[PDB]
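**Student:** Before we start, here is the structure in question, set down as structure tokens.
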Amino acid sequence: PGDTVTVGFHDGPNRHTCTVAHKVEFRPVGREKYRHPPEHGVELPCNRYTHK
Amino acid sequence: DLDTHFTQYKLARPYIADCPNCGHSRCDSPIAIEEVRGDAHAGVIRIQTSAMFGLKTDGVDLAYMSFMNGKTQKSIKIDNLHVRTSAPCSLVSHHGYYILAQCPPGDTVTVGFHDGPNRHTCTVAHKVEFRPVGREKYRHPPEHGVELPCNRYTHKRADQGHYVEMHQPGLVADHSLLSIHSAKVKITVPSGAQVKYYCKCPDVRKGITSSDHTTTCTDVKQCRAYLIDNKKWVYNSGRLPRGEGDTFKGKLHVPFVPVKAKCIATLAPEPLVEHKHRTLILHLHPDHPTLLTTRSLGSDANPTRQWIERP
Amino acid sequence: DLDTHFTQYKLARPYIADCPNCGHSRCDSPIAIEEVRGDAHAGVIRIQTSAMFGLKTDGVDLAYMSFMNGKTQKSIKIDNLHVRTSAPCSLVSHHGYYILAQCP
Amino acid sequence: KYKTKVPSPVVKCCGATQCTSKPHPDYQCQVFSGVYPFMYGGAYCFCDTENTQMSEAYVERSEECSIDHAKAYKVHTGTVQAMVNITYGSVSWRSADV
Amino acid sequence: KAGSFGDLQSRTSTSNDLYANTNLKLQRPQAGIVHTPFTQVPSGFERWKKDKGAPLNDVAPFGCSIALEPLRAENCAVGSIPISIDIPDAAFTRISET
Amino acid sequence: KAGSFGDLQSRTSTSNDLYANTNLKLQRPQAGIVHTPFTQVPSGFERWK
Ligand SMILES: *[C@@H]1O[C@H](CO)[C@@H](O)[C@H](O)[C@H]1NC(C)=O
């Protein structure tokens, strides 16, 4: 979670970045408000952006 | 001496264990986090991993670390070894399997290292809290204030009475030991090791071989192979398969054991005090949430306890 | 001109002073922090340090910084000079003992 | 504060194992059948479902227990002592525990 | 009870007989993963440290000051103290001499 | 008074005569360290804001 989103890259000695104000929230799935994906638990259907 | 602290760690090797987050996804990580100890006051945490720090193939060297790269153990100079919870953490010291770090609060603990162009990280979910000492909820150790006793993980590598067990490694599944060869599965055995195999093709076969063996099956998928190498021991990890029989081989001391220490706590600003008939008037201007307590000195204490967060 | 802004800073040197969390433990740092000014609105802060930025023994050069190494002053080209509070801060400019940065 | 000790699980391929009781604090043991675990080297077991993992766990005192612990006491009437500072006549102040 | 002050109890800090009461329950391992997941009630010692409240050091009547080595209550202004002191006979001067 | 609106007062913004009332107290330096620690009431102007 955060209040900004920063993206950037390097080009030799140059650094190009861009930061925009955007609220990023963690959205636990289920009836428990966890703050990071658990190592184990109950597997529930969720919304994800595919890696494909 | 420094070598005296590694006499038993030289008998153990690093290992690869499951990590819930290897970057973006779960994987078997050579830096897998086994435990995070975060019960010290001033943000100090101790992290146990599957990697070995401070040892090289030629002996003890605090600038070197060792980790497993498949079945082969690799030794490199420490390169950008880092710990992160919510922001970069300062490293205090490292010892076999153990890292001591000074971290800010966070919901995760991330540990990783670099190996040339390679990057190895492991992130686990773990609530890291900053625990101030005393009656003030400060968020970072102050430059000055009142020195109070506190609980800290020591920076010393000495054996201080706390130990963990190192056991004979269990079977290590490794399908790279198998090759179809001349349309007939062959088992390659690394020098000095033994390989257990299990094949269930029309000719069901199993056993332990100490040298290259060719079985009766013609498809690698029909066989399993396990590497047996007990020359180095591993921690009794809950993420590794257990061996057969009594696998206990020795003890490893825990380096950065918790100790009592003196921590600097903040000291709130002096209150303004005004006096009225039988009344004490205090004007409190805290910097951090500051606890105020009072009691009467008579037979009825009539105690008062409240945290002052604003003037 | 740019040289006219360093006429007085050329007469001063960096120094080593106590830093409460120098590295991971209190020690005398060559870039100890003397003051943090954070009363501006858009998250911009000004930091005074014991190091000298923009000056080398051969003159003014904004790509160089000087700091004390024991009794000897050493001038080096700036290498990953950074500021962070809870996350990396963007540096705006540096001059003498001062660093300007935008921090969260 | 307690620590939970978790020994290496017993992974039985193409077979099954059984749990036994042990003299450990809050000891837990359970066998989970139908597992098909993977390691860095690929599938650990050959059989697709005829495999079991036996998990074990028990509670220990944490390392911090040597310094960070609470002591529960039964309190009974004991003794009363004082430090008394006495002067008399031209004799200077003298004191002792009484 | 689990999650309360006494969930973990030991007669002494170095004993080898420990009482532990937590809902330590082994969970099924995730598919394809070798690990030992479990659930357990959060430590009641950490809970107590949060909910300790005011100590006796801060609420004791009569201005008592609490010290631990040995455990004692100092300077409690309760009641009165009978006293008897035997003054040396050399400390007294005769009336006709004063 | 310290911590209130008028803790710091000046007749003009360029005046050389400044009035200040804060509970500025010098603290003993930490052992072995050369520095000047102190405690002070947070500014009453920032508090007033
Ligand atoms: C006894 O009283 C005298 C004078 O009041 C003082 O100097 C001395 O320190 C006292 N002794 C103790 C043990 O407090």
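Simple scheme: letters A, B, ... for chains in structure tokens order, numbers from 1 for residues in each chain, numbers from 1 for ligands in the order shown.
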If you count only C-alpha atoms, which residues fall within 10 Å of residue 42 in chain A, apart from same-chain ones fewer than 6 positions away, as a list in words?

**Tutor:** residues 30 of chain A; 27, 28 and 30 of chain E

**Student:** Report as a short mmCIF file (atom, residue, chain, number, x, y, z; two decimals) with N, CA, C and O atoms, in the first residue's frame the set of chain B residues whose atoms approach chain E to within 7 Å, with distances computed over only C-alpha atoms.

**Tutor:**
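Dumped everything to part_21.cif:
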```
data_model
loop_
_atom_site.label_atom_id
_atom_site.label_comp_id
_atom_site.auth_asym_id
_atom_site.auth_seq_id
_atom_site.Cartn_x
_atom_site.Cartn_y
_atom_site.Cartn_z
N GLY B 238 11.38 -27.27 9.50
CA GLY B 238 10.03 -27.75 9.25
C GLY B 238 9.63 -27.75 7.80
O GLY B 238 8.54 -28.23 7.47
N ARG B 239 10.48 -27.23 6.91
CA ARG B 239 10.23 -27.19 5.48
C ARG B 239 11.07 -28.20 4.70
O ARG B 239 11.05 -28.19 3.47
N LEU B 240 11.80 -29.07 5.39
CA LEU B 240 12.60 -30.11 4.77
C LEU B 240 12.06 -31.48 5.15
O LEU B 240 11.56 -31.67 6.26
N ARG B 295 -1.24 9.74 42.03
CA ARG B 295 -1.85 9.05 43.16
C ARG B 295 -1.77 9.93 44.39
O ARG B 295 -0.80 10.68 44.57
N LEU B 297 -1.23 10.42 48.41
CA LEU B 297 -0.33 9.81 49.38
C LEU B 297 -1.03 9.45 50.68
O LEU B 297 -0.36 9.19 51.68
N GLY B 298 -2.36 9.44 50.69
CA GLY B 298 -3.13 9.07 51.86
C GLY B 298 -3.57 7.62 51.81
O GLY B 298 -3.06 6.80 51.04
N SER B 299 -4.57 7.31 52.64
CA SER B 299 -5.07 5.95 52.72
C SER B 299 -5.84 5.52 51.48
O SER B 299 -6.07 4.33 51.29
N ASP B 300 -6.24 6.47 50.63
CA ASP B 300 -6.94 6.17 49.38
C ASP B 300 -6.09 6.78 48.26
O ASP B 300 -6.08 8.00 48.08
N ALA B 301 -5.38 5.92 47.53
CA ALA B 301 -4.48 6.40 46.48
C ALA B 301 -5.21 7.17 45.39
O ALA B 301 -4.64 8.11 44.82
N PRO B 303 -5.80 6.53 42.25
CA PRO B 303 -4.85 6.66 41.14
C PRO B 303 -5.51 7.11 39.84
O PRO B 303 -6.68 6.83 39.57
#
```

**Student:** Around ligand 1, which protein and nucleic acid residues have at least one atom no more than 10 Å from it, if we count only C-alpha atoms and all ligand atoms? List them as a VMD selection string.

**Tutor:** chain D and resid 83 to 87 92 to 97

**Student:** Give me, as JSON, numbers by chain, the residues of chain C that a backbone DSSP run labels strand (DSSP E or B).

**Tutor:** {"C": [17, 18, 19, 27, 28, 29, 33, 34, 35, 36, 37, 44, 45, 46, 47, 48, 49, 50, 51, 52, 53, 54, 55, 56, 59, 60, 61, 62, 63, 64, 65, 66, 67, 68, 69, 72, 73, 74, 75, 76, 77, 84, 88, 90, 91, 92, 93, 94, 95, 96, 97, 98, 99, 100, 101, 102]}

**Student:** Please identify every residue of chain D that has at least one atom no more than 8 Å from any atom of chain E, counting only C-alpha atoms, and report them as a list in words.

**Tutor:**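 Only these qualify: residues 1, 2, 6, 9, 25, 26, 28, 29, 30, 32, 35, 36, 37, 38, 39, 55, 56, 57, 58, 59, 60, 65, 66 and 89 of chain D.
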
**Student:** Please find the residues of chain A near chain E - the criterion being any atom within 10 Å, counting only C-alpha atoms - and write them as an MDAnalysis selection string.

**Tutor:** chainID A and resid 39:43

**Student:** Just to be explicit: take each residue in the selection above, keep C-alpha atoms, and write the result as a short mmCIF file (atom, residue, chain, number, x, y, z; two decimals), in the first residue's frame.

**Tutor:**
```
data_model
loop_
_atom_site.label_atom_id
_atom_site.label_comp_id
_atom_site.auth_asym_id
_atom_site.auth_seq_id
_atom_site.Cartn_x
_atom_site.Cartn_y
_atom_site.Cartn_z
CA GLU A 39 2.11 -18.63 3.66
CA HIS A 40 -0.85 -20.91 4.39
CA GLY A 41 -4.58 -20.72 5.00
CA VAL A 42 -7.82 -21.16 3.08
CA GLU A 43 -7.73 -20.72 -0.69
#
```

**Student:** Set the distance at 12 Å and use only C-alpha atoms: which residues neighbour residue 51 in chain D once local chain neighbours fewer than 6 positions away are removed? I'd like the list as a PyMOL selection string.

**Tutor:** (chain D and resi 10-17+31-37+43-45) or (chain E and resi 32)

**Student:** For residue 2 in chain C, please output as a PDB file with C-alpha atoms, in the first residue's frame all residues within 9 Å (counting only C-alpha atoms; exclusion window: fewer than 3 positions along the same chain).

**Tutor:**
```
ATOM      1  CA  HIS C   5      27.737  31.754  -4.362  1.00  0.00           C
ATOM      2  CA  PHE C   6      30.703  29.845  -2.854  1.00  0.00           C
ATOM      3  CA  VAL C  60      33.614  24.970  -7.512  1.00  0.00           C
TER       4      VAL C  60
END
```

**Student:** Please report the interatomic distance between CA of residue 264 in chain B and CA of residue 141 in chain B in Å with one decimal.

**Tutor:**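 Spanning CA of residue 264 in chain B to CA of residue 141 in chain B is a straight-line distance of 6.7 Å.
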
**Student:** Under the rule of at most 12 Å, produce a per-residue listing of chain C near chain F: chain, number, name, the closest pair of atoms, and the distance in Å, as JSON lines, using only C-alpha atoms.

**Tutor:**
```
{"residue": "C:16", "atom": "CA", "partner": "F:34", "partner_atom": "CA", "distance": 11.4}
{"residue": "C:17", "atom": "CA", "partner": "F:34", "partner_atom": "CA", "distance": 8.3}
{"residue": "C:18", "atom": "CA", "partner": "F:34", "partner_atom": "CA", "distance": 7.1}
{"residue": "C:19", "atom": "CA", "partner": "F:33", "partner_atom": "CA", "distance": 9.7}
{"residue": "C:20", "atom": "CA", "partner": "F:33", "partner_atom": "CA", "distance": 9.7}
{"residue": "C:26", "atom": "CA", "partner": "F:33", "partner_atom": "CA", "distance": 9.6}
{"residue": "C:27", "atom": "CA", "partner": "F:33", "partner_atom": "CA", "distance": 9.4}
{"residue": "C:28", "atom": "CA", "partner": "F:33", "partner_atom": "CA", "distance": 9.3}
{"residue": "C:32", "atom": "CA", "partner": "F:35", "partner_atom": "CA", "distance": 12.0}
{"residue": "C:34", "atom": "CA", "partner": "F:35", "partner_atom": "CA", "distance": 10.7}
{"residue": "C:39", "atom": "CA", "partner": "F:46", "partner_atom": "CA", "distance": 9.6}
```

**Student:** Excluding range 12-15 of chain C and any residue of its chain fewer than 3 positions from it, enumerate the residues within 10 Å of it, using only C-alpha atoms, and give them as a list in words.

**Tutor:** residues 6, 7, 8, 9, 28, 29, 30, 31, 32, 49, 50, 51, 52, 53, 55, 65, 66, 67, 68, 69, 70, 71, 72, 73, 74, 96 and 97 of chain C

**Student:** Where does chain C meet chain B within 7 Å, residue by residue, with the nearest atom pair and distance in Å to one decimal for each, counting only C-alpha atoms, listed by chain and rising number, as a tab-separated table?

**Tutor:**
```
residue	atom	partner	partner_atom	distance
C:20	CA	B:143	CA	5.2
C:24	CA	B:90	CA	5.7
C:86	CA	B:87	CA	6.3
C:87	CA	B:87	CA	6.4
```

**Student:** Keeping only C-alpha atoms, write those residues as a tab-separated table (two decimals), in the first residue's frame.

**Tutor:**
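Result saved to part21.tsv:
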```
chain	number	residue	atom	x	y	z
C	20	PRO	CA	23.27	9.05	17.00
C	24	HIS	CA	23.91	0.82	12.71
C	86	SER	CA	10.35	6.35	5.12
C	87	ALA	CA	11.24	5.94	1.44
```

**Student:** Could you pull out the helix (DSSP H, G or I) residues of chain C, going by DSSP on the backbone, and write them as a list in words?

**Tutor:**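 Everything in chain C that counts as helix (DSSP H, G or I) is residues 3, 4, 5, 9, 10 and 11 of chain C.
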
**Student:** What are the residues of chain F lining chain B at 8 Å or less? Count only C-alpha atoms, and put the answer as a ChimeraX atom specification.

**Tutor:** /F:2-3,23,29-30,37,39-42

**Student:** Filtering to N, CA, C and O atoms, could you give me those residues as an mmCIF file, in the first residue's frame?

**Tutor:**
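The new file again18.cif reads:
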```
data_model
loop_
_atom_site.group_PDB
_atom_site.id
_atom_site.type_symbol
_atom_site.label_atom_id
_atom_site.label_comp_id
_atom_site.auth_asym_id
_atom_site.auth_seq_id
_atom_site.Cartn_x
_atom_site.Cartn_y
_atom_site.Cartn_z
ATOM 1 N N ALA F 2 4.968 29.288 27.602
ATOM 2 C CA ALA F 2 5.498 28.226 26.759
ATOM 3 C C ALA F 2 4.391 27.331 26.221
ATOM 4 O O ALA F 2 3.459 26.964 26.939
ATOM 5 N N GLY F 3 4.495 26.990 24.938
ATOM 6 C CA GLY F 3 3.550 26.104 24.295
ATOM 7 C C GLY F 3 2.258 26.753 23.859
ATOM 8 O O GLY F 3 1.432 26.083 23.226
ATOM 9 N N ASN F 23 10.207 26.191 27.886
ATOM 10 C CA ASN F 23 10.894 25.458 28.948
ATOM 11 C C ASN F 23 12.147 24.795 28.379
ATOM 12 O O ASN F 23 12.294 23.574 28.340
ATOM 13 N N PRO F 29 25.007 15.713 28.793
ATOM 14 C CA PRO F 29 25.417 14.968 27.601
ATOM 15 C C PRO F 29 25.492 13.476 27.877
ATOM 16 O O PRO F 29 25.763 13.038 28.997
ATOM 17 N N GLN F 30 25.228 12.691 26.840
ATOM 18 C CA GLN F 30 25.370 11.250 26.963
ATOM 19 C C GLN F 30 26.836 10.914 27.214
ATOM 20 O O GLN F 30 27.744 11.625 26.778
ATOM 21 N N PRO F 37 22.519 18.277 24.325
ATOM 22 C CA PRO F 37 21.105 17.897 24.376
ATOM 23 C C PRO F 37 20.290 18.874 25.205
ATOM 24 O O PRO F 37 20.805 19.560 26.091
ATOM 25 N N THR F 39 15.779 19.804 26.297
ATOM 26 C CA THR F 39 14.344 19.615 26.160
ATOM 27 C C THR F 39 13.692 20.984 26.053
ATOM 28 O O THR F 39 14.178 21.966 26.619
ATOM 29 N N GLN F 40 12.586 21.046 25.320
ATOM 30 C CA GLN F 40 11.916 22.318 25.111
ATOM 31 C C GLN F 40 10.460 22.048 24.774
ATOM 32 O O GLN F 40 10.130 21.012 24.193
ATOM 33 N N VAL F 41 9.598 22.979 25.151
ATOM 34 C CA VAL F 41 8.169 22.822 24.856
ATOM 35 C C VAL F 41 7.936 23.060 23.368
ATOM 36 O O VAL F 41 8.439 24.056 22.820
ATOM 37 N N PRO F 42 7.209 22.187 22.673
ATOM 38 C CA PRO F 42 6.941 22.426 21.254
ATOM 39 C C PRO F 42 6.343 23.807 21.028
ATOM 40 O O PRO F 42 5.578 24.319 21.846
#
```

**Student:** I'd like to know which of B:172, B:201, B:252, B:133 is closest to chain D, using only C-alpha atoms.

**Tutor:**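 Closest residue, counting only C-alpha atoms: B:172.
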
**Student:** Output as a compact mmCIF listing (two decimals) with C-alpha atoms, in the first residue's frame the set of chain A residues within 8 Å of chain B, with distances taken over only C-alpha atoms.

**Tutor:**
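Printed below is result_34.txt as written:
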```
# COMPACT_ATOMS: atom_id res chain seq x y z
CA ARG A 35 -1.82 -7.18 5.37
CA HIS A 36 0.27 -9.53 3.20
CA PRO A 37 -0.43 -12.83 1.40
CA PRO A 38 -0.21 -15.67 3.94
CA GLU A 39 2.11 -18.63 3.66
```

**Student:** Could you list, as a list in words, every residue of chain B that has an atom within 8 Å of an atom of chain D, counting only C-alpha atoms?

**Tutor:**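 The answer, sorted by residue number, is residues 16, 17, 18, 28, 39, 70, 151, 162, 172, 173, 174, 175, 176, 198, 223, 224, 236, 237, 238, 239, 240, 241, 242, 243, 257, 258, 259 and 260 of chain B.
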
**Student:** Can I get the selected residues back with N, CA and C atoms, as an mmCIF file, in the first residue's frame?

**Tutor:**
```cif
data_model
loop_
_atom_site.group_PDB
_atom_site.id
_atom_site.type_symbol
_atom_site.label_atom_id
_atom_site.label_comp_id
_atom_site.auth_asym_id
_atom_site.auth_seq_id
_atom_site.Cartn_x
_atom_site.Cartn_y
_atom_site.Cartn_z
ATOM 1 N N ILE B 16 18.120 -25.447 0.448
ATOM 2 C CA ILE B 16 17.043 -24.796 -0.283
ATOM 3 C C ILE B 16 15.729 -25.243 0.334
ATOM 4 N N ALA B 17 14.886 -24.281 0.690
ATOM 5 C CA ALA B 17 13.601 -24.568 1.298
ATOM 6 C C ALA B 17 12.555 -23.650 0.687
ATOM 7 N N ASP B 18 11.299 -24.056 0.825
ATOM 8 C CA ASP B 18 10.196 -23.284 0.277
ATOM 9 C C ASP B 18 10.163 -21.876 0.859
ATOM 10 N N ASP B 28 11.314 -22.419 -4.223
ATOM 11 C CA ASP B 28 12.289 -23.015 -3.315
ATOM 12 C C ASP B 28 13.508 -22.099 -3.311
ATOM 13 N N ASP B 39 11.248 -9.586 19.277
ATOM 14 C CA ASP B 39 10.773 -9.241 20.609
ATOM 15 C C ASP B 39 11.682 -8.258 21.334
ATOM 16 N N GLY B 70 21.295 -25.722 -6.392
ATOM 17 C CA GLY B 70 20.978 -27.090 -6.740
ATOM 18 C C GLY B 70 21.610 -28.044 -5.747
ATOM 19 N N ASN B 151 15.386 -5.017 26.568
ATOM 20 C CA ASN B 151 15.694 -6.319 25.999
ATOM 21 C C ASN B 151 16.213 -6.109 24.586
ATOM 22 N N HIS B 162 22.077 -21.039 24.285
ATOM 23 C CA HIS B 162 20.910 -21.365 23.474
ATOM 24 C C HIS B 162 21.376 -22.117 22.238
ATOM 25 N N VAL B 172 16.870 -35.996 -0.787
ATOM 26 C CA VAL B 172 16.764 -34.815 -1.635
ATOM 27 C C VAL B 172 16.346 -35.279 -3.022
ATOM 28 N N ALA B 173 15.098 -35.005 -3.390
ATOM 29 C CA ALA B 173 14.618 -35.368 -4.714
ATOM 30 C C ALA B 173 15.368 -34.555 -5.760
ATOM 31 N N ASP B 174 15.861 -35.228 -6.798
ATOM 32 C CA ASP B 174 16.602 -34.543 -7.857
ATOM 33 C C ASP B 174 16.423 -35.337 -9.147
ATOM 34 N N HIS B 175 15.562 -34.838 -10.030
ATOM 35 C CA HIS B 175 15.289 -35.508 -11.294
ATOM 36 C C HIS B 175 16.377 -35.278 -12.335
ATOM 37 N N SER B 176 17.335 -34.388 -12.069
ATOM 38 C CA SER B 176 18.431 -34.157 -13.000
ATOM 39 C C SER B 176 19.437 -35.297 -12.995
ATOM 40 N N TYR B 198 13.661 -45.097 -7.445
ATOM 41 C CA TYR B 198 12.393 -45.820 -7.407
ATOM 42 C C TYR B 198 11.759 -45.723 -8.787
ATOM 43 N N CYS B 223 10.607 -42.949 -13.266
ATOM 44 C CA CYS B 223 11.536 -43.126 -12.162
ATOM 45 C C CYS B 223 11.619 -41.879 -11.293
ATOM 46 N N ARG B 224 12.035 -42.103 -10.049
ATOM 47 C CA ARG B 224 12.387 -41.060 -9.101
ATOM 48 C C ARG B 224 13.811 -41.316 -8.631
ATOM 49 N N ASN B 236 17.167 -28.691 11.673
ATOM 50 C CA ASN B 236 15.937 -29.471 11.757
ATOM 51 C C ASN B 236 14.758 -28.628 11.278
ATOM 52 N N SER B 237 14.784 -28.257 10.000
ATOM 53 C CA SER B 237 13.800 -27.341 9.437
ATOM 54 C C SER B 237 12.453 -28.010 9.206
ATOM 55 N N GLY B 238 11.383 -27.272 9.496
ATOM 56 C CA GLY B 238 10.034 -27.749 9.255
ATOM 57 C C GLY B 238 9.632 -27.753 7.795
ATOM 58 N N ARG B 239 10.483 -27.233 6.912
ATOM 59 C CA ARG B 239 10.234 -27.190 5.476
ATOM 60 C C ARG B 239 11.068 -28.202 4.703
ATOM 61 N N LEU B 240 11.803 -29.070 5.394
ATOM 62 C CA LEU B 240 12.604 -30.109 4.772
ATOM 63 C C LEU B 240 12.062 -31.484 5.146
ATOM 64 N N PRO B 241 12.142 -32.463 4.247
ATOM 65 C CA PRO B 241 11.715 -33.817 4.613
ATOM 66 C C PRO B 241 12.685 -34.446 5.599
ATOM 67 N N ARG B 242 12.129 -35.149 6.577
ATOM 68 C CA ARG B 242 12.928 -35.821 7.588
ATOM 69 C C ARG B 242 13.572 -37.083 7.032
ATOM 70 N N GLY B 243 14.733 -37.425 7.583
ATOM 71 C CA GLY B 243 15.383 -38.673 7.255
ATOM 72 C C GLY B 243 14.817 -39.822 8.067
ATOM 73 N N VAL B 257 21.727 -14.029 20.915
ATOM 74 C CA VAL B 257 20.739 -14.346 21.945
ATOM 75 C C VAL B 257 20.215 -13.068 22.592
ATOM 76 N N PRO B 258 18.981 -13.062 23.096
ATOM 77 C CA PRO B 258 18.480 -11.880 23.805
ATOM 78 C C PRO B 258 19.211 -11.659 25.120
ATOM 79 N N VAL B 259 19.537 -10.396 25.390
ATOM 80 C CA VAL B 259 20.237 -10.003 26.605
ATOM 81 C C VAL B 259 19.582 -8.750 27.164
ATOM 82 N N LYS B 260 19.852 -8.482 28.439
ATOM 83 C CA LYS B 260 19.438 -7.226 29.039
ATOM 84 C C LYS B 260 20.445 -6.145 28.668
#
```
